[PDB]
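Peer 1: part one of the complex, left exactly where it sits:
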Amino acid sequence: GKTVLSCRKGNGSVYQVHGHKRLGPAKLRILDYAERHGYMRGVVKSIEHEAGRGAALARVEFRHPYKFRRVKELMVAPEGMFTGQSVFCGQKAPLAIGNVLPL
Amino acid sequence: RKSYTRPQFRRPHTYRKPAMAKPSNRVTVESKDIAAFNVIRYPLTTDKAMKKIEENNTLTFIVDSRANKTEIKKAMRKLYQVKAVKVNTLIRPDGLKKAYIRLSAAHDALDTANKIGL
């Protein structure tokens, strides 16, 4: 006989994801010294919708720990996040919707 | 070598001796008084060429196919002591390149054509 379709899909020829309109991987900040020993504050700039995904995405701006620059991240938004909100990440963070803290 | 302020090492700056100039690997004798004869081949004698000579102060030449307008102007001045104010060029469907050369109003294309022997 001939090859089955579930095995054909493993070459990923015409069966790969359609990602031209996507905005990129959604991830938290890098676990670095400031997050391990203190907290960092960011501000939510915009909330957007990406093709192929059911949840919203948030653009959050921080300050670079070492250079004079601005760093923009892209996370998955929790329910209740709004633009202009302040987000805290690290050890000394308070407890609120959107804050990132250790378990 | 003492203190590094970047998170990765990059090749240092060293001394680079510049490349010497070799003896030339060409031995042929080339003459500087000859190139214009290669640039310009011969004129044209058709009815359109004659009409242009009589009306627009323009001469028509077959030129080297790889030459450009600046070279054609310089060669025109060297070969015949005239000044060209415009050169328009086309490559013919048989492969040759043809130029329309308009002389400045201080020169008569009819006189130049008579000197050439047209």
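Peer 2: Now that the structure is in, tell me what you want to look at. Numbering: from 1, shown residues only, chains lettered A, B, ... in the order given.
Peer 1: When you work out contacts or count neighbours from here on, use the C-alpha atoms and nothing else.
Peer 2: Fine.
Peer 1: Residue A:63 and residue A:70 touch, don't they?
Peer 2: Yes - counting by CA atoms under 8 Å, residue A:63 touches residue A:70, with 4.9 Å between them.
Peer 1: Between these two, which is the more surrounded one?
Peer 2: For the pair residue A:63 and residue A:70, the greater number of neighbours falls to residue A:63 (14 against 10), based on other CA atoms under 10 Å in any protein chain shown.
Peer 1: tell me the contacts of that one?
Peer 2: By CA atoms under 8 Å, 6 or more residues apart in numbering or on different chains, the contact list for residue A:63 reads A:42, A:69-71.
Peer 1: Residue B:69: neighbour count?
Peer 2: Residues near residue B:69, counting by other CA under 10 Å: 14.
Peer 1: And residue B:100, by the same measure?
Peer 2: Neighbours around residue B:100, by other CA under 10 Å: 17.
Peer 1: ditto for the one 3 residues further on
Peer 2: Look at residue B:103: counted by other CA under 10 Å, it has 21 neighbours.
Peer 1: Quick check: residue A:15 touching residue A:7?
Peer 2: No - using CA under 8 Å, residue A:15 is not in contact with residue A:7, being 11.5 Å away.
Peer 1: Taking the centroid of chain A, which residue is nearest it?
Peer 2: The centre of chain A sits closest to residue A:75, judged by CA atoms, centre = their mean, with a distance of 2.1 Å.
Peer 1: How about the secondary structure of residue B:76?
Peer 2: Under DSSP: H, G, I helix; E, B strand; the rest coil, residue B:76 falls in the helix class.
Peer 1: if I pick it, what's in contact with it?
Peer 2: With contact taken as CA under 8 Å, 6+ apart, residue B:76 is in contact with B:36, B:40, B:82-84.
Peer 1: Which one (most neighbours) among those residues?
Peer 2: In these, the most neighbours by other CA under 10 Å go to residue B:40, 21 neighbours.
Peer 1: What sits closest to it if chain neighbours are left out?
Peer 2: Take residue B:40 and drop its neighbours on the chain: the residue closest to it by CA to CA, 6 or more residues apart in numbering or on different chains is residue B:63, 4.6 Å away.
Peer 1: ok, what's across the strand from that neighbour?
Peer 2: Beta-bridge pairing of residue B:63 under DSSP bridges involves residue B:40, residue B:97.
Peer 1: can you add chain C next? sequence is:
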Amino acid sequence: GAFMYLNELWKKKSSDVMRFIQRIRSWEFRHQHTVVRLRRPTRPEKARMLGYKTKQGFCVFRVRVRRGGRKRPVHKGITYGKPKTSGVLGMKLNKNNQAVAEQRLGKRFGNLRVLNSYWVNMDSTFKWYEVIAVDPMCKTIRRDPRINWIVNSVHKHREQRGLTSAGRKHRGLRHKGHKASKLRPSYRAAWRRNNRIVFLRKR
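Peer 2: Alright, chain C goes in next:
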């Protein structure tokens, strides 16, 4: 001389000190490239007995190969024809790893001449050999009467034709007499001799 001490010492590869030294060297080697250039041989006695001299035209390289048997390169592991030609994993290559290492170095660096090689180290994944090569355009090499035979063009890629020691080993030329009649001067030569049909003129 000192050669006897080095030879007798390298004949004890399973002692504690030699095993320690080889373990350190193996760890170090498996974090390097596939081909590496050396300034001096790791086994000076072995290199000298194989033909290396501390002169201006000789070089040493260390090459790495992968251990284990050979897998037949057929799509999805499917063969056709008679069942006797249907193994995919149990077959073995008809040429040894020393010859494969020599051939890899020679294919990569075409301006040198491969002379010999010897065993250096071993692992569960890799084997390491060291290859001696000479430069045919060096004045020292060209004027030394003991090595300048290799400048002639009939010696251009010896390792690709099987004329090194390892090539001779896997060709069968370590034997003579009744153990080698069908493979001398080569298998193809013996086959032609035994199989061509002869027509004498006045038969």
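Peer 1: ok chain C is in now, so what about the neighbour count of residue B:69?
Peer 2: Residues lying near residue B:69 (other CA under 10 Å) number 14.
Peer 1: what's the answer for residue C:151, then?
Peer 2: Residue C:151 has 17 neighbouring residues, counting by other CA under 10 Å.
Peer 1: Residue A:55 too?
Peer 2: Neighbours around residue A:55, by other CA under 10 Å: 12.
Peer 1: quick revisit: does the nearest residue to the residue nearest to the centre of chain A once chain neighbours are set aside sit in a helix, a strand or a coil?
Peer 2: In space, residue A:75 comes closest to residue A:26 once its chain neighbours are excluded; the distance is 4.8 Å by CA to CA, 6+ apart. Look at residue A:26: counting by three-state DSSP, its state is coil.
Peer 1: Ok, residue C:62 next?
Peer 2: Strictly by three-state DSSP, residue C:62 counts as strand.
Peer 1: Isn't it up against residue C:129?
Peer 2: Yes - with contacts counted by CA under 8 Å, residue C:62 reaches residue C:129, the gap being 5.8 Å.
Peer 1: ok, back up a step: which residues does the residue nearest to the centre of chain A form beta bridges with?
Peer 2: Here residue A:75, judged by DSSP bridges, has bridge partners residue A:58.
Peer 1: Can you tell me the SS state at residue C:120?
Peer 2: Recorded secondary structure, residue C:120: strand (three-state DSSP).
Peer 1: which residues touch it?
Peer 2: If you count contacts by CA under 8 Å, 6+ apart, then residue C:120 has C:42-43, C:127-130 around it.
Peer 1: Give me the more crowded residue out of residue C:62 and residue C:129.
Peer 2: Neighbour count, other CA under 10 Å: between residue C:62 and residue C:129, residue C:62 has more, with 25 against 20.
Peer 1: what's the closest non-adjacent residue to that one?
Peer 2: Residue C:62 sits nearest to residue C:130 (CA to CA, 6+ apart), 4.4 Å away.
Peer 1: Wait, a strand at the one you found?
Peer 2: Yes - judged by three-state DSSP, residue C:130 forms part of a strand.
Peer 1: wait, doesn't it sit right on residue C:115?
Peer 2: No - the pair residue C:130 / residue C:115 is not scored as a contact, 10.9 Å apart, by CA under 8 Å.
Peer 1: can you slot in chain D too:
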Amino acid sequence: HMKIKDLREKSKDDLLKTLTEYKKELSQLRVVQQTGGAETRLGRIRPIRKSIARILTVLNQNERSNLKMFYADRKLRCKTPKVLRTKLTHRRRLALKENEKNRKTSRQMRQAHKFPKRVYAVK
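Peer 2: Chain D, in position alongside the others:
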């Protein structure tokens, strides 16, 4: 029409002036070739082309000989441009020279001097 014997007894400058004169004449003859033209005039095109070829041959031969004489000196013999070296063949250039081969060891020399090949007859 230029004669080779007379051409060979001239300097570079005179050769260049003659080259310019002949090129100008040929360029003039092309115009006749385009605008009608008589057979006697058209018969002059080939001799002029061959004269130009002769002048160029003499110029180039003189130049090459002078350059080889320049680089003959042992001080500069190692920087001779490869267009002035002897071509032969790739393999002949790369092969062992007669001096490089035909060397032997001290022992081989001594043995060959101690036991040379003899001439003899049998009665």
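Peer 1: again for the neighbour count of residue B:69, chain D present now?
Peer 2: Neighbours around residue B:69, by other CA under 10 Å: 14.
Peer 1: Would you agree it is in contact with residue B:87?
Peer 2: Yes - using CA under 8 Å as the test, residue B:69 is close enough to residue B:87 to be in contact (6.2 Å).
Peer 1: Okay, the residue nearest to the centre of chain A and chain D: tell me how far apart.
Peer 2: Plainly put, residue A:75 is 67 Å away from chain D if you go by CA to the nearest CA, to the nearest Å.
Peer 1: List the residues that contact residue 77.
Peer 2: As the question left the chain open, I've gone with chain A. So residue A:77 contacts A:47, A:55-58, A:98 (CA under 8 Å, 6+ apart).
Peer 1: you looked at the wrong chain, it should be chain D
Peer 2: residue D:71.
Peer 1: One more: residue C:124?
Peer 2: residue C:67.
Peer 1: May I have the phi/psi pair for it?
Peer 2: phi -90, psi -10 (degrees, to the nearest 10).
Peer 1: same question, residue A:42
Peer 2: Dihedral angles (degrees, to the nearest 10) for residue A:42: phi -130, psi 170.
Peer 1: so it touches residue A:59, yeah?
Peer 2: No - using CA under 8 Å, residue A:42 is not in contact with residue A:59, being 9.9 Å away.
Peer 1: what does chain D put close to chain C?
Peer 2: Neighbours of chain C within chain D, by CA under 8 Å from any CA of the partner chain: D:95-96, D:100-101, D:103-105.
Peer 1: Who wins on neighbours among these?
Peer 2: Neighbour max across these (other CA under 10 Å) = residue D:96, 20 neighbours.
Peer 1: Touching, that residue and residue C:143? I think so.
Peer 2: No - the pair residue D:96 / residue C:143 is not scored as a contact, 9.3 Å apart, by CA under 8 Å.
Peer 1: Pull the contacting residues for residue D:59.
Peer 2: Neighbouring residues of residue D:59 by CA under 8 Å, 6+ apart: B:29, D:12, D:15.
Peer 1: for residue C:129, same thing?
Peer 2: Going by CA under 8 Å, 6+ apart, residue C:129 touches C:62-64, C:98, C:101, C:117-121.
Peer 1: And these, which is closest to residue D:42?
Peer 2: Closest approach to residue D:42 among the contacts of residue C:129 (CA to CA): residue C:101, at 73.5 Å.
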